[PDB]
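> Structure file entry.pdb (PDB, C-alpha atoms) is given on the next line.
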```
ATOM      1  CA  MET A   1     143.351 114.169 110.337
ATOM      2  CA  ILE A   2     139.789 113.961 111.676
ATOM      3  CA  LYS A   3     138.134 110.642 112.483
ATOM      4  CA  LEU A   4     134.530 110.188 111.383
ATOM      5  CA  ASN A   5     131.829 108.532 113.491
ATOM      6  CA  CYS A   6     129.466 106.411 111.396
ATOM      7  CA  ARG A   7     126.326 104.376 111.996
ATOM      8  CA  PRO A   8     123.691 103.144 109.539
ATOM      9  CA  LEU A   9     119.999 103.939 109.187
ATOM     10  CA  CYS A  10     118.726 100.438 108.308
ATOM     11  CA  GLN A  11     118.847  97.141 110.210
ATOM     12  CA  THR A  12     118.373  94.519 107.500
ATOM     13  CA  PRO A  13     117.855  91.096 109.138
ATOM     14  CA  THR A  14     119.683  87.801 108.674
ATOM     15  CA  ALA A  15     118.613  84.198 108.077
ATOM     16  CA  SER A  16     120.501  80.900 108.248
ATOM     17  CA  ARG A  17     119.613  77.231 107.894
ATOM     18  CA  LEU A  18     120.087  74.776 110.751
ATOM     19  CA  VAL A  19     121.047  71.183 109.984
ATOM     20  CA  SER A  20     120.102  68.125 112.034
ATOM     21  CA  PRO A  21     121.921  64.764 112.118
ATOM     22  CA  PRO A  22     120.851  62.415 109.314
ATOM     23  CA  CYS A  23     119.193  59.047 109.755
ATOM     24  CA  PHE A  24     121.104  56.095 111.152
ATOM     25  CA  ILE A  25     122.970  53.975 108.601
ATOM     26  CA  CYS A  26     124.964  50.839 109.359
ATOM     27  CA  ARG A  27     128.610  50.790 108.300
TER      28      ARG A  27
ATOM     29  CA  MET F   1      72.878 109.198 105.984
ATOM     30  CA  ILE F   2      71.024 106.313 107.610
ATOM     31  CA  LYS F   3      73.093 103.411 108.944
ATOM     32  CA  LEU F   4      71.757  99.906 108.365
ATOM     33  CA  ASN F   5      71.712  96.980 110.797
ATOM     34  CA  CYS F   6      72.592  93.802 108.894
ATOM     35  CA  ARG F   7      72.808  90.105 109.723
ATOM     36  CA  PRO F   8      72.523  86.910 107.662
ATOM     37  CA  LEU F   9      69.569  84.541 107.620
ATOM     38  CA  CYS F  10      71.167  81.219 106.632
ATOM     39  CA  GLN F  11      73.976  79.229 108.253
ATOM     40  CA  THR F  12      76.512  77.595 105.941
ATOM     41  CA  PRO F  13      78.273  74.440 107.195
ATOM     42  CA  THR F  14      82.052  74.160 107.333
ATOM     43  CA  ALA F  15      84.053  70.989 106.599
ATOM     44  CA  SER F  16      87.702  71.485 107.555
ATOM     45  CA  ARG F  17      90.103  68.583 107.093
ATOM     46  CA  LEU F  18      92.496  68.006 109.978
ATOM     47  CA  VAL F  19      96.027  67.110 108.903
ATOM     48  CA  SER F  20      98.746  65.461 110.990
ATOM     49  CA  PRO F  21     102.494  64.995 110.437
ATOM     50  CA  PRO F  22     103.106  62.363 107.732
ATOM     51  CA  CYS F  23     105.774  60.138 109.346
ATOM     52  CA  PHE F  24     109.546  60.679 109.306
ATOM     53  CA  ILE F  25     111.998  60.735 106.402
ATOM     54  CA  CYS F  26     115.788  60.953 106.371
ATOM     55  CA  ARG F  27     115.596  64.507 104.995
TER      56      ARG F  27
ATOM     57  CA  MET E   1      51.600  78.006 118.383
ATOM     58  CA  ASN E   2      52.052  81.131 116.275
ATOM     59  CA  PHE E   3      49.927  84.288 116.154
ATOM     60  CA  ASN E   4      48.240  86.648 113.709
ATOM     61  CA  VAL E   5      51.193  89.004 114.004
ATOM     62  CA  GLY E   6      49.898  91.066 111.083
ATOM     63  CA  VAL E   7      47.145  92.346 113.378
ATOM     64  CA  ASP E   8      49.643  94.288 115.489
ATOM     65  CA  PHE E   9      52.626  94.755 113.128
ATOM     66  CA  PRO E  10      51.399  95.136 109.537
ATOM     67  CA  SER E  11      53.859  95.616 106.697
ATOM     68  CA  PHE E  12      53.406  97.214 103.281
ATOM     69  CA  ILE E  13      55.344  97.149 100.019
ATOM     70  CA  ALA E  14      57.372 100.292  99.327
ATOM     71  CA  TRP E  15      59.424  99.297  96.259
ATOM     72  CA  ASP E  16      58.947  96.084  94.275
ATOM     73  CA  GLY E  17      61.805  96.716  91.828
ATOM     74  CA  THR E  18      59.826  98.516  89.112
ATOM     75  CA  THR E  19      57.509 100.945  90.942
ATOM     76  CA  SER E  20      57.432 102.900  94.209
ATOM     77  CA  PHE E  21      54.218 102.915  96.243
ATOM     78  CA  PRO E  22      53.358 105.673  98.756
ATOM     79  CA  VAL E  23      52.658 104.329 102.247
ATOM     80  CA  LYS E  24      50.462 105.887 104.937
ATOM     81  CA  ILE E  25      51.955 106.240 108.426
ATOM     82  CA  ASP E  26      49.272 108.464 109.971
ATOM     83  CA  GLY E  27      47.732 105.965 112.380
ATOM     84  CA  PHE E  28      51.000 104.342 113.496
ATOM     85  CA  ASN E  29      53.402 106.122 115.846
ATOM     86  CA  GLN E  30      56.479 104.079 114.867
ATOM     87  CA  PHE E  31      57.755 102.570 111.634
ATOM     88  CA  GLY E  32      60.856 101.395 109.821
ATOM     89  CA  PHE E  33      62.204  99.936 106.611
ATOM     90  CA  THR E  34      63.602  96.543 105.636
ATOM     91  CA  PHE E  35      65.862  95.772 102.676
ATOM     92  CA  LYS E  36      66.603  92.525 100.854
ATOM     93  CA  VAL E  37      68.365  91.445  97.668
ATOM     94  CA  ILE E  38      67.576  88.750  95.109
ATOM     95  CA  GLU E  39      70.747  88.640  92.975
ATOM     96  CA  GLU E  40      74.427  89.526  92.968
ATOM     97  CA  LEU E  41      74.978  93.277  92.716
ATOM     98  CA  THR E  42      77.273  95.101  90.305
ATOM     99  CA  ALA E  43      77.662  98.306  92.347
ATOM    100  CA  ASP E  44      76.167 100.281  95.206
ATOM    101  CA  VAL E  45      72.566 101.441  94.809
ATOM    102  CA  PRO E  46      71.460 104.613  96.657
ATOM    103  CA  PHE E  47      67.892 105.564  97.523
ATOM    104  CA  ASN E  48      66.005 108.784  98.227
ATOM    105  CA  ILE E  49      63.359 109.239 100.927
ATOM    106  CA  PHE E  50      60.288 111.384 100.236
ATOM    107  CA  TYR E  51      57.180 112.376 102.167
ATOM    108  CA  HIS E  52      53.745 113.533 101.039
ATOM    109  CA  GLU E  53      50.755 115.295 102.568
ATOM    110  CA  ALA E  54      47.007 115.474 102.055
ATOM    111  CA  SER E  55      46.021 116.407  98.519
ATOM    112  CA  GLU E  56      43.772 119.381  97.837
ATOM    113  CA  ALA E  57      41.009 117.537  95.967
ATOM    114  CA  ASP E  58      40.647 114.846  98.652
ATOM    115  CA  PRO E  59      41.982 114.421 102.222
ATOM    116  CA  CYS E  60      42.777 110.721 101.586
ATOM    117  CA  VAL E  61      45.118 110.942  98.569
ATOM    118  CA  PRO E  62      48.792 111.994  98.776
ATOM    119  CA  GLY E  63      50.101 115.085  97.053
ATOM    120  CA  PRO E  64      53.390 115.673  95.245
ATOM    121  CA  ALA E  65      56.603 114.245  96.635
ATOM    122  CA  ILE E  66      58.567 116.362  99.126
ATOM    123  CA  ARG E  67      62.170 115.402  99.826
ATOM    124  CA  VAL E  68      62.877 114.609 103.478
ATOM    125  CA  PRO E  69      65.263 116.904 105.401
ATOM    126  CA  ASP E  70      68.308 115.712 107.304
ATOM    127  CA  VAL E  71      68.601 115.669 111.101
ATOM    128  CA  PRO E  72      72.164 115.592 112.507
ATOM    129  CA  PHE E  73      72.502 113.354 115.550
ATOM    130  CA  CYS E  74      73.911 114.030 119.026
ATOM    131  CA  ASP E  75      77.292 114.758 117.449
ATOM    132  CA  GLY E  76      78.488 113.675 114.035
ATOM    133  CA  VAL E  77      78.717 114.417 110.354
ATOM    134  CA  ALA E  78      75.845 115.837 108.319
ATOM    135  CA  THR E  79      74.978 115.078 104.712
ATOM    136  CA  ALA E  80      76.619 117.197 102.029
ATOM    137  CA  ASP E  81      73.219 118.440 100.785
ATOM    138  CA  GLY E  82      71.194 118.252 104.004
ATOM    139  CA  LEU E  83      68.894 115.496 102.718
ATOM    140  CA  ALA E  84      68.483 111.948 103.983
ATOM    141  CA  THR E  85      69.579 109.021 101.823
ATOM    142  CA  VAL E  86      70.285 105.300 102.122
ATOM    143  CA  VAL E  87      73.155 103.510 100.369
ATOM    144  CA  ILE E  88      73.006  99.721 100.013
ATOM    145  CA  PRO E  89      76.542  98.253 100.145
ATOM    146  CA  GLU E  90      77.804  96.115  97.282
ATOM    147  CA  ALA E  91      78.980  93.347  99.624
ATOM    148  CA  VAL E  92      75.415  92.580 100.762
ATOM    149  CA  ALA E  93      74.706  88.857 100.549
ATOM    150  CA  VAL E  94      71.535  87.395  99.065
ATOM    151  CA  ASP E  95      70.593  85.645 102.334
ATOM    152  CA  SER E  96      70.550  88.737 104.570
ATOM    153  CA  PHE E  97      68.307  91.670 105.447
ATOM    154  CA  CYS E  98      69.029  95.270 106.422
ATOM    155  CA  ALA E  99      66.976  97.556 108.670
ATOM    156  CA  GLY E 100      66.981 101.321 109.134
ATOM    157  CA  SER E 101      64.565 104.154 109.804
ATOM    158  CA  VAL E 102      64.511 107.958 109.799
ATOM    159  CA  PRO E 103      64.373 109.904 113.102
ATOM    160  CA  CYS E 104      61.547 112.293 112.169
ATOM    161  CA  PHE E 105      58.010 111.961 110.841
ATOM    162  CA  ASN E 106      57.212 114.982 108.647
ATOM    163  CA  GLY E 107      54.142 114.447 106.455
ATOM    164  CA  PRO E 108      51.658 111.638 107.121
ATOM    165  CA  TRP E 109      52.812 109.670 104.042
ATOM    166  CA  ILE E 110      56.228 108.305 103.070
ATOM    167  CA  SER E 111      57.856 106.995  99.907
ATOM    168  CA  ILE E 112      61.182 105.735  98.568
ATOM    169  CA  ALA E 113      62.731 105.283  95.125
ATOM    170  CA  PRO E 114      66.205 104.717  93.666
ATOM    171  CA  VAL E 115      68.342 107.598  92.470
ATOM    172  CA  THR E 116      68.541 106.052  88.985
ATOM    173  CA  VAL E 117      66.438 103.232  87.549
ATOM    174  CA  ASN E 118      68.527 100.593  85.776
ATOM    175  CA  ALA E 119      69.132  96.846  85.665
ATOM    176  CA  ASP E 120      70.861  97.000  89.065
ATOM    177  CA  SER E 121      68.091  98.849  90.918
ATOM    178  CA  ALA E 122      65.626  96.047  90.129
ATOM    179  CA  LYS E 123      67.544  93.591  92.339
ATOM    180  CA  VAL E 124      66.381  95.132  95.644
ATOM    181  CA  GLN E 125      63.154  94.917  97.640
ATOM    182  CA  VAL E 126      62.064  97.441 100.274
ATOM    183  CA  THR E 127      59.252  96.909 102.781
ATOM    184  CA  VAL E 128      57.917  99.172 105.537
ATOM    185  CA  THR E 129      56.823  97.900 108.952
ATOM    186  CA  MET E 130      54.495  99.664 111.388
ATOM    187  CA  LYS E 131      53.876  99.448 115.119
ATOM    188  CA  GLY E 132      51.604 100.903 117.764
ATOM    189  CA  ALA E 133      48.306 101.751 116.102
ATOM    190  CA  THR E 134      46.709 104.871 117.584
ATOM    191  CA  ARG E 135      43.063 104.377 116.561
TER     192      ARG E 135
ATOM    193  CA  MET T   1     136.403 123.033 124.425
ATOM    194  CA  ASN T   2     134.476 121.856 121.360
ATOM    195  CA  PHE T   3     132.247 118.848 120.730
ATOM    196  CA  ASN T   4     131.249 116.628 117.813
ATOM    197  CA  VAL T   5     127.696 117.962 117.769
ATOM    198  CA  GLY T   6     127.035 116.012 114.572
ATOM    199  CA  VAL T   7     126.771 112.806 116.607
ATOM    200  CA  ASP T   8     123.678 113.758 118.618
ATOM    201  CA  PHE T   9     122.048 116.401 116.375
ATOM    202  CA  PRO T  10     122.627 115.441 112.731
ATOM    203  CA  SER T  11     121.126 117.615 110.013
ATOM    204  CA  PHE T  12     120.249 116.930 106.386
ATOM    205  CA  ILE T  13     119.554 118.993 103.281
ATOM    206  CA  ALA T  14     115.839 119.154 102.452
ATOM    207  CA  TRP T  15     115.718 121.645  99.560
ATOM    208  CA  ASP T  16     118.722 123.332  97.941
ATOM    209  CA  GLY T  17     116.758 125.550  95.549
ATOM    210  CA  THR T  18     116.825 123.077  92.650
ATOM    211  CA  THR T  19     115.694 119.667  93.928
ATOM    212  CA  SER T  20     113.955 118.102  96.917
ATOM    213  CA  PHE T  21     115.392 115.219  98.929
ATOM    214  CA  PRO T  22     113.261 113.038 101.236
ATOM    215  CA  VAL T  23     114.617 113.059 104.792
ATOM    216  CA  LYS T  24     114.213 109.920 106.901
ATOM    217  CA  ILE T  25     112.980 110.528 110.459
ATOM    218  CA  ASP T  26     112.082 107.036 111.688
ATOM    219  CA  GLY T  27     114.950 106.752 114.165
ATOM    220  CA  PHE T  28     114.726 110.214 115.765
ATOM    221  CA  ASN T  29     112.327 111.554 118.383
ATOM    222  CA  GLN T  30     112.029 115.158 117.160
ATOM    223  CA  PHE T  31     112.865 117.257 114.119
ATOM    224  CA  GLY T  32     112.659 120.815 112.847
ATOM    225  CA  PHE T  33     113.373 122.978 109.830
ATOM    226  CA  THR T  34     115.735 125.898 109.263
ATOM    227  CA  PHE T  35     115.209 128.462 106.500
ATOM    228  CA  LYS T  36     117.969 130.711 105.170
ATOM    229  CA  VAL T  37     118.094 133.147 102.258
ATOM    230  CA  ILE T  38     121.086 133.899 100.037
ATOM    231  CA  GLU T  39     119.811 137.012  98.218
ATOM    232  CA  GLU T  40     117.139 139.674  98.533
ATOM    233  CA  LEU T  41     113.711 138.320  97.643
ATOM    234  CA  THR T  42     111.240 139.871  95.208
ATOM    235  CA  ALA T  43     107.925 138.560  96.567
ATOM    236  CA  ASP T  44     106.543 136.110  99.099
ATOM    237  CA  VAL T  45     107.331 132.440  98.487
ATOM    238  CA  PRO T  46     105.111 129.667  99.946
ATOM    239  CA  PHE T  47     106.222 126.087 100.667
ATOM    240  CA  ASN T  48     104.417 122.743 100.833
ATOM    241  CA  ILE T  49     105.082 119.949 103.335
ATOM    242  CA  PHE T  50     104.893 116.333 102.161
ATOM    243  CA  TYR T  51     105.525 112.925 103.692
ATOM    244  CA  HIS T  52     106.062 109.412 102.353
ATOM    245  CA  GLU T  53     105.669 105.746 103.253
ATOM    246  CA  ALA T  54     107.855 102.692 102.743
ATOM    247  CA  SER T  55     107.569 101.406  99.189
ATOM    248  CA  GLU T  56     106.083  97.949  98.738
ATOM    249  CA  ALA T  57     108.950  96.692  96.572
ATOM    250  CA  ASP T  58     111.697  97.797  98.980
ATOM    251  CA  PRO T  59     111.292  99.022 102.591
ATOM    252  CA  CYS T  60     114.537 100.998 102.200
ATOM    253  CA  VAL T  61     113.092 103.387  99.582
ATOM    254  CA  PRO T  62     110.153 105.743 100.260
ATOM    255  CA  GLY T  63     106.892 105.744  98.352
ATOM    256  CA  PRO T  64     105.036 108.599  96.661
ATOM    257  CA  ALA T  65     104.523 111.968  98.306
ATOM    258  CA  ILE T  66     101.417 112.737 100.369
ATOM    259  CA  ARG T  67     100.173 116.139 101.523
ATOM    260  CA  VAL T  68     100.445 116.638 105.289
ATOM    261  CA  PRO T  69      97.214 117.604 107.106
ATOM    262  CA  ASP T  70      96.668 120.495 109.489
ATOM    263  CA  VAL T  71      96.112 120.523 113.254
ATOM    264  CA  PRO T  72      94.435 123.474 115.027
ATOM    265  CA  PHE T  73      95.840 124.436 118.421
ATOM    266  CA  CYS T  74      94.008 125.305 121.660
ATOM    267  CA  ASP T  75      92.259 128.129 119.820
ATOM    268  CA  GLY T  76      93.241 129.152 116.325
ATOM    269  CA  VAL T  77      92.429 129.275 112.639
ATOM    270  CA  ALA T  78      92.638 126.240 110.382
ATOM    271  CA  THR T  79      93.914 126.568 106.831
ATOM    272  CA  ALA T  80      91.408 127.203 104.054
ATOM    273  CA  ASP T  81      91.885 123.609 102.830
ATOM    274  CA  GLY T  82      93.115 122.039 106.077
ATOM    275  CA  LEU T  83      96.614 121.211 104.799
ATOM    276  CA  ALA T  84      99.796 122.511 106.392
ATOM    277  CA  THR T  85     101.817 125.185 104.611
ATOM    278  CA  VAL T  86     104.615 127.671 105.290
ATOM    279  CA  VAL T  87     105.221 131.155 103.873
ATOM    280  CA  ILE T  88     108.465 133.137 104.121
ATOM    281  CA  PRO T  89     107.945 136.918 104.411
ATOM    282  CA  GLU T  90     109.640 138.976 101.722
ATOM    283  CA  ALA T  91     111.180 141.272 104.359
ATOM    284  CA  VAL T  92     113.644 138.632 105.604
ATOM    285  CA  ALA T  93     117.199 139.959 105.696
ATOM    286  CA  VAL T  94     120.038 137.957 104.171
ATOM    287  CA  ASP T  95     121.787 137.819 107.564
ATOM    288  CA  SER T  96     119.095 135.969 109.556
ATOM    289  CA  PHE T  97     117.331 132.609 109.705
ATOM    290  CA  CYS T  98     113.931 131.158 110.588
ATOM    291  CA  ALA T  99     112.953 127.949 112.374
ATOM    292  CA  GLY T 100     109.684 126.027 112.279
ATOM    293  CA  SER T 101     108.323 122.540 112.775
ATOM    294  CA  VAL T 102     105.223 120.383 112.351
ATOM    295  CA  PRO T 103     103.427 118.888 115.393
ATOM    296  CA  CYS T 104     102.476 115.670 113.573
ATOM    297  CA  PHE T 105     104.772 112.841 112.484
ATOM    298  CA  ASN T 106     102.903 110.625 110.001
ATOM    299  CA  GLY T 107     105.056 108.430 107.758
ATOM    300  CA  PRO T 108     108.734 107.782 108.500
ATOM    301  CA  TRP T 109     109.868 110.096 105.664
ATOM    302  CA  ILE T 110     109.262 113.826 105.252
ATOM    303  CA  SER T 111     109.862 116.313 102.458
ATOM    304  CA  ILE T 112     109.389 119.964 101.520
ATOM    305  CA  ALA T 113     109.042 121.740  98.184
ATOM    306  CA  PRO T 114     107.913 125.145  96.896
ATOM    307  CA  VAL T 115     104.450 125.647  95.463
ATOM    308  CA  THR T 116     105.998 126.971  92.240
ATOM    309  CA  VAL T 117     109.589 126.806  91.011
ATOM    310  CA  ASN T 118     110.946 130.101  89.688
ATOM    311  CA  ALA T 119     113.891 132.458  90.029
ATOM    312  CA  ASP T 120     112.485 133.619  93.376
ATOM    313  CA  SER T 121     112.417 130.151  94.947
ATOM    314  CA  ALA T 122     116.042 129.543  93.930
ATOM    315  CA  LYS T 123     117.204 131.957  96.660
ATOM    316  CA  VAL T 124     116.023 129.859  99.637
ATOM    317  CA  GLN T 125     117.688 126.966 101.462
ATOM    318  CA  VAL T 126     115.946 124.506 103.796
ATOM    319  CA  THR T 127     117.667 122.113 106.206
ATOM    320  CA  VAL T 128     116.228 119.515 108.593
ATOM    321  CA  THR T 129     117.579 118.697 112.057
ATOM    322  CA  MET T 130     117.106 115.827 114.517
ATOM    323  CA  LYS T 131     117.189 115.682 118.303
ATOM    324  CA  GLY T 132     117.608 112.201 119.769
ATOM    325  CA  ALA T 133     118.268 108.746 118.366
ATOM    326  CA  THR T 134     116.370 105.677 119.556
ATOM    327  CA  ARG T 135     118.421 102.810 118.078
TER     328      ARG T 135
END
```
Just give me the structure of the file as structure tokens.


Amino acid sequence: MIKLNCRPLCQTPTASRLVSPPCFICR
Amino acid sequence: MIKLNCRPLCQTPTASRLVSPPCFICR
Amino acid sequence: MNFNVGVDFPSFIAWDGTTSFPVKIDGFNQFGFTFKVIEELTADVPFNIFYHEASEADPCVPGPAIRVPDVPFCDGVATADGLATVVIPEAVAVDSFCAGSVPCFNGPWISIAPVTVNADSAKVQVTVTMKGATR
Amino acid sequence: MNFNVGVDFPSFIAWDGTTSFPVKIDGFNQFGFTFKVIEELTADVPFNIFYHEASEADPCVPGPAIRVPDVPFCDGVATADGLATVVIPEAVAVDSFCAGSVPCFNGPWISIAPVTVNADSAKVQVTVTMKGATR
């Protein structure tokens, strides 16, 4: 059994939304 | 192949609106 | 106060859009062209530069047209056929002028005309300016 | 005793006698070819060198092929048309190999293909190698 060493050729990026607290509302 | 030296005669005015953040919303 | 600048720096028509007029450069030791447009262009318009010499029947009338030869500069490309030409770019605006001149004199007369006469070659105007009269 | 030489110096098939495969070289400093024959040749076989560029639709897939240019050395002869080419002599023995490379890089992909596909070109095998990763 031979273990293979792998690594890709592309570095596709990533993107994510950031959420901020909503406006004040009285409860 | 002669190379020409060019420049314009008339100046055209520019009217660029400046825009500012339009107040806050709850998002 | 302005001056009678035409006394020292006269200019002559070289192409009015329908005909090409030979110009005499004998008495002036410098000269150059000037290009202008009067309408939007549809494509590039190239020109050819000719020179003449004294006719046989009279020393004050130009002879047949002789095409000008090319003169490569300090270091750079040379024309594919070894003859001088001027190409007016399509992007030229109506409110602008272009200036250029050849490095060598050759005959005592000069001329210019488009490579092909059509509706697009009539939208250009060429004028020659002198300097330094020698008489 | 023995090493995993495929980690530092990977190699890829460039032309297996039937089809050509673009070989990506963006992430490697150097590269070089390796020609081998599998049967006695009949006549000389020339090869063309192409490159590619990232396709507009997808940066992961290469664009159309482009002919590589030539580069004269300190003193030498440029090709008749200025484009790089390689020719394998017909005297190559089946038990040897040849190695060559191109000084220029150009686009991030490279490729190779014969000038003409025939029974003679089916006897050659081309492989591409890399030297050092940078990511």

> Residues of chain E within 6 Å of chain F, using all atoms listed in the file, as a list in words?

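Taken together, these residues fit the definition: residues 84, 85, 86, 95, 96, 97, 98, 99 and 100 of chain E.
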
> Write a file of the selected residues as an mmCIF file, keeping the file's coordinate frame, keeping C-alpha atoms.


```
data_model
loop_
_atom_site.group_PDB
_atom_site.id
_atom_site.type_symbol
_atom_site.label_atom_id
_atom_site.label_comp_id
_atom_site.auth_asym_id
_atom_site.auth_seq_id
_atom_site.Cartn_x
_atom_site.Cartn_y
_atom_site.Cartn_z
ATOM 1 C CA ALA E 84 68.483 111.948 103.983
ATOM 2 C CA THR E 85 69.579 109.021 101.823
ATOM 3 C CA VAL E 86 70.285 105.300 102.122
ATOM 4 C CA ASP E 95 70.593 85.645 102.334
ATOM 5 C CA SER E 96 70.550 88.737 104.570
ATOM 6 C CA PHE E 97 68.307 91.670 105.447
ATOM 7 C CA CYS E 98 69.029 95.270 106.422
ATOM 8 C CA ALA E 99 66.976 97.556 108.670
ATOM 9 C CA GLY E 100 66.981 101.321 109.134
#
```

> Suppose you want the space between CA of residue 32 in chain T and CA of residue 81 in chain T; what is it in Å?

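Calculated distance between CA of residue 32 in chain T and CA of residue 81 in chain T is 23.2 Å.
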
> What does the distance between CA of residue 48 in chain T and CA of residue 112 in chain T come to in Å, to one decimal place?

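Separating CA of residue 48 in chain T from CA of residue 112 in chain T is a distance of 5.7 Å.
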
> Just the number, please: distance in Å from CA of residue 111 in chain T to CA of residue 61 in chain T, one decimal.

13.6 Å

> So which residues fall inside 9 Å of (72.2, 98.8, 95.0) if we count only C-alpha atoms? Mind giving them as a list in words?

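Within the cut-off we find residues 37, 41, 42, 43, 44, 45, 46, 47, 87, 88, 89, 90, 114, 120, 121, 122, 123 and 124 of chain E.
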
> Could you tell me which residues the PyMOL selection byres ((chain T and resi 31) around 9) grabs in this file, written as a PyMOL selection string?

chain T and resi 25+28-30+32-33+101-102+128-132

> Mind dumping the selected residues with C-alpha atoms as a PDB file, in the frame of the given file?


```
ATOM      1  CA  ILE T  25     112.980 110.528 110.459  1.00  0.00           C
ATOM      2  CA  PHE T  28     114.726 110.214 115.765  1.00  0.00           C
ATOM      3  CA  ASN T  29     112.327 111.554 118.383  1.00  0.00           C
ATOM      4  CA  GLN T  30     112.029 115.158 117.160  1.00  0.00           C
ATOM      5  CA  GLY T  32     112.659 120.815 112.847  1.00  0.00           C
ATOM      6  CA  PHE T  33     113.373 122.978 109.830  1.00  0.00           C
ATOM      7  CA  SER T 101     108.323 122.540 112.775  1.00  0.00           C
ATOM      8  CA  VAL T 102     105.223 120.383 112.351  1.00  0.00           C
ATOM      9  CA  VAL T 128     116.228 119.515 108.593  1.00  0.00           C
ATOM     10  CA  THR T 129     117.579 118.697 112.057  1.00  0.00           C
ATOM     11  CA  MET T 130     117.106 115.827 114.517  1.00  0.00           C
ATOM     12  CA  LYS T 131     117.189 115.682 118.303  1.00  0.00           C
ATOM     13  CA  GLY T 132     117.608 112.201 119.769  1.00  0.00           C
TER      14      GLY T 132
END
```

> Specify as a VMD selection string each residue included when the PyMOL selection byres ((chain E and resi 50) around 7) is applied to this file.

chain E and resid 48 to 49 51 to 52 65 to 68 110 to 112

> Around range 75-89 of chain T, fit a box with edges along x, y and z, padding it by 5 Å on each side, then list its centre and edge lengths in Å to one decimal as AutoDock Vina command-line options.


```
--center_x 99.9 --center_y 129.1 --center_z 111.3 --size_x 27.1 --size_y 25.7 --size_z 27.0
```

> Any idea what's packed within 10 Å of residue 104 in chain E, counting only C-alpha atoms, ignoring anything in its chain fewer than 4 positions away? Could you give it as number ranges by chain?

E: 68-71

> From the options T:105, T:24, T:54, T:133, which residue's atoms come nearest to residue 12 in chain T, counting all atoms listed in the file?

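Nearest candidate to residue 12 in chain T out of T:105, T:24, T:54, T:133: T:24.
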
> How would you write, as number ranges by chain, the residues chosen by the PyMOL selection byres ((chain T and resi 107) around 6) on this structure?

T: 52-53, 106, 108-109
